[PDB]
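Chain order of the listed sequences is A and A'. A prime marks a further copy of an entry chain.
Each residue of the first sequence is one higher than the last, beginning at 2 in the entry's author numbering.
Each residue of the second sequence is one higher than the last, beginning at 2 in the entry's author numbering.
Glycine residues also receive a C-beta, built at the ideal position from the N, C-alpha and C atoms.
2 protein chains.
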Amino acid sequence: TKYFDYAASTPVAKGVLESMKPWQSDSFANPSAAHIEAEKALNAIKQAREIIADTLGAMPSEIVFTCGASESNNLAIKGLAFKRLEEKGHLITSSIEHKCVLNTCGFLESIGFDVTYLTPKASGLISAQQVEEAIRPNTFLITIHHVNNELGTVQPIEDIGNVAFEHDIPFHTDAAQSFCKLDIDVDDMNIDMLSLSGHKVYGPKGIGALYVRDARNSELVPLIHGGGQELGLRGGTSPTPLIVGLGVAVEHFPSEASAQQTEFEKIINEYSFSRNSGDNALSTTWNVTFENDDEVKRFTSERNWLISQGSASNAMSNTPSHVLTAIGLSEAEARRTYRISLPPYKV
Amino acid sequence: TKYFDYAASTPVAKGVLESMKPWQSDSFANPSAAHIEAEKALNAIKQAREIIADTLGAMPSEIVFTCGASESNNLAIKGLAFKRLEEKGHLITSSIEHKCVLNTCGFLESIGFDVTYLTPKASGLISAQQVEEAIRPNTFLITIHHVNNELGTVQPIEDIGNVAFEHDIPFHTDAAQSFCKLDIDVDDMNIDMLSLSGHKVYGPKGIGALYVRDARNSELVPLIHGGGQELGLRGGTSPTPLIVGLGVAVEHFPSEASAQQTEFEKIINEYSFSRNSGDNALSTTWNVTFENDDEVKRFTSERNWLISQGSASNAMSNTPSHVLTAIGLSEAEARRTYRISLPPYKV
Ligand SMILES: *Cc1c(COP(=O)(O)O)cnc(C)c1O
Ligand SMILES: *Cc1c(COP(=O)(O)O)cnc(C)c1O
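This is how it looks when you write it as structure tokens:
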């Protein structure tokens, strides 16, 4: 009434909710147990894992369940770093990553790791060439997001993956905003690890995944040590309802825009604005800078939309979006800038 | 039909399921957002946090949401350890902890930390005196579980907490099996950190918590770095349905045994057995060693109960429960030993 903040979270699809229901009280075993009720949960988990693997062009065993892209990003990064506590090393990322990536890299710096935060162009774009130029003898990970959560910018992951392949450096991508929206083939894009989030694709909150190439033989240091779940890479009892719901979300991901809401497209033009990353953004995120404070006032008074201006930490520090300032907007411009996002769909 | 494996997981209460429902598709904002829908989620999260705090005699801010006791155990342990990567140090735990604790401590050993795994008595008991005798100049954490998940053994956490207090060593307890069943006051027991799991108390899977004394000023290293959630201690978008459901579970935790099922008590005596930790175990977990293989055969053919014999890793290695062998049972005895567990309730 009206919600235009889909890049922040999405509503659980009816089919997803239904599919979760039998695993609440009807059949509720710990999937680790040795009896038939655990068997049933395990089979349902297998189906979801296969659906996710299929969509990424991966093998089922290469899908590690987590609780979301934040935990996934942490596992990808710390999983490699924590095998290097003595010799340390260098990581390449961007300055416009989600704050979870920025903050995990900040922590790594605090324990002696070196990190380059690549600065975007005004378009929001990170180039493969800049990745290539940042490479050092001790670079051990390149992490670059696929689609930017504030701007919608589609990054050149294939070209970046090519650079990482040419140097035999692991390539991770935060795909929380691209998973299901954009077709992703892990081999075609030379991806080693990929993060995704359930509640960004009409799935439930509290679930996501990390693709890990050759997970069975992976030397990644587990973030959560546990009882053997997820090939020993990710501990904690498998939350069968959340896993099942995630599979259903992926399977029934909307194929057409964004329904009727994404028109929208006939409203927004009654206003004067500049779209940030306008030639490089997905159709479902419109990060827009209105022309002046008077236009902002008109827009917000006429439209009672729930939208977004930047990260929570920026709100707390009373500063503009880190993303907006990285792309070169002034503080005054940032004040007039809003992310209006629409129901995700394929394409 | 019939499920006697409650120590492994429990069925979500009707009130818990209902309470989750409006946060799936009716109101589904990211609680980090700045608008009214996030406000509503945040308020509901606050209520659950307060319910949990109240039950532990803690302050609301001292409750850190996680996805379960595994993630909580990892945060408690690695959160302290990762501030010591250079000087390392010593940790005291038991050899009969849940495998998540054993495996995180094993990892710490692999990066240069020293760990003492205290061996139980035949009763399953760990003593405060043994903790005291294991203390070293560089001991920086004592972690001992409150109630054992295989045996039901109630450990002397107050006495152990007293020892830790007398040395100004942090005391953590894995309370996944004791939370709500046994009255826990964090100040009375001198607890610094405490792990709990939602699906052990008729809550949903994928949620738990870590009590952290003085969380606001805690120097714990976050396991999941994120956008600022949980006072910066635990990243990832707050899963409002799971958090709300956990509060409801705690609030309506059963007050009387375990209903009718826990009779049970009139069945079990038709069989010949010895109860492990029989003088020290909760009424709702019966870890029992039948007299001979013939008695086992009689019991299993007559009763189609879903029960448990030991951890998943022990099943995979084709070895007896680590818990059972630690308490001194032979492999043959372990073969005849089953954990039969009942609906949890207060007292
Ligand atoms: C939402 C998001 C995250 C965090 O994912 P959660 O599942 O909410 O923890 C990370 N990266 C990007 C790009 C996102 O949009
Ligand atoms: C279940 C359990 C755990 C693990 O908790 P999850 O929430 O299932 O990850 C840890 N310790 C004990 C004692 C348990 O019973």
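Asked, Found
"Cβ-Cβ distance between A:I78 and A:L142 below 8 Å", "yes"
"3 or more residues per run - each beta strand (DSSP E) lying fully within the segment 43–79 of chain A'", "64–67"
"A:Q25: contacting residues in chain A' (beta-carbon distance under 9 Å)", "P12, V13, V17, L18, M21, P205 and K206"
"The beta strand (DSSP E) enclosing A:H173, as first and last residue numbers", "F172 to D175"
"Heavy atom of ligand 1 within 7 Å of A:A70 beta-carbon", "yes"
"Neighbour flag for A:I37 against chain A', beta carbons, 8 Å", "yes"
"Any non-hydrogen atom of ligand 2 within 7 Å of A:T238 CB", "yes"
"Buried or exposed (CB count within 10 angstroms, at least 16 for buried), A':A176", "buried"
"Rounded straight-line distance, which links the Cα of A:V116 to that of A:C106", "7 Å"
"8 Å Cβ cutoff met for A:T285 and A:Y7", "yes"
"Chain-ordered chain A contacts of A':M317 [CB-CB under 8 Å]", "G229"
"Helix, strand or coil at A':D115 [DSSP, three-state]", "strand"
"Euclidean distance between Cα positions of A':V65 and A:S20", "29 Å"
"Interface residues of chain A' facing A:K47 [CB-CB closer than 9 Å]", "Here the premise fails: no neighbours, minimum Cβ distance about 16 Å."
"Classification of A':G329 by the beta-carbon crowding that lies within 10 angstroms, buried from 16 upward", "exposed"
"Near ligand 2: A':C101 beta-carbon under 7 Å from a heavy atom", "yes"
"When A':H147, A':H226 and A':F172 are compared against A':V213, the one with the closest alpha-carbon", "A':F172"
"Backbone CA spacing between A:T11 and A:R50 [nearest angstrom]", "21 Å"
"Neighbourhood of A':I158 by C-beta, 6 Å cutoff - its chain only, sequence neighbours within 5 removed", "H147, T174 and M190"
"Beta carbon of A:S198 nearer than 8 Å to that of A:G69", "yes"
"Cβ-heavy atom distance, A':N74 to ligand 2, below 7 Å", "yes"
"Same chain only: Cβ atoms within 6 Å of A:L109, ignoring 5 sequence neighbours per side", "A82"
"Between the CA atoms of A':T144 and A':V132 - distance to the nearest angstrom", "10 Å"
"Per-residue contacts from A':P242 into chain A (C-beta, under 9 Å)", "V13, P205, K206 and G207"
"Cβ-based neighbour list, A':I244, same chain, cut-off 8 Å, excluding 5 preceding and 5 following", "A45, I46, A49, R50, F66 and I208"
"A':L232 vs A':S62 beta-carbon contact at 8 Å", "yes"
"Interface positions of the segment 94–111 of chain A facing chain A' (Cβ-Cβ less than 8 Å), listed along the chain", "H99, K100, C101, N104, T105, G107 and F108"
"Buried or exposed (CB count within 10 angstroms, at least 16 for buried), A:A14", "buried"
"CB contact check: A:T238 to chain A', cutoff 8 Å", "yes"
"Continuous alpha helix (DSSP H) stretch holding A':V132: start and end", "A129 to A135"
"A':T94 (DSSP reduced to helix, strand or coil)", "strand"
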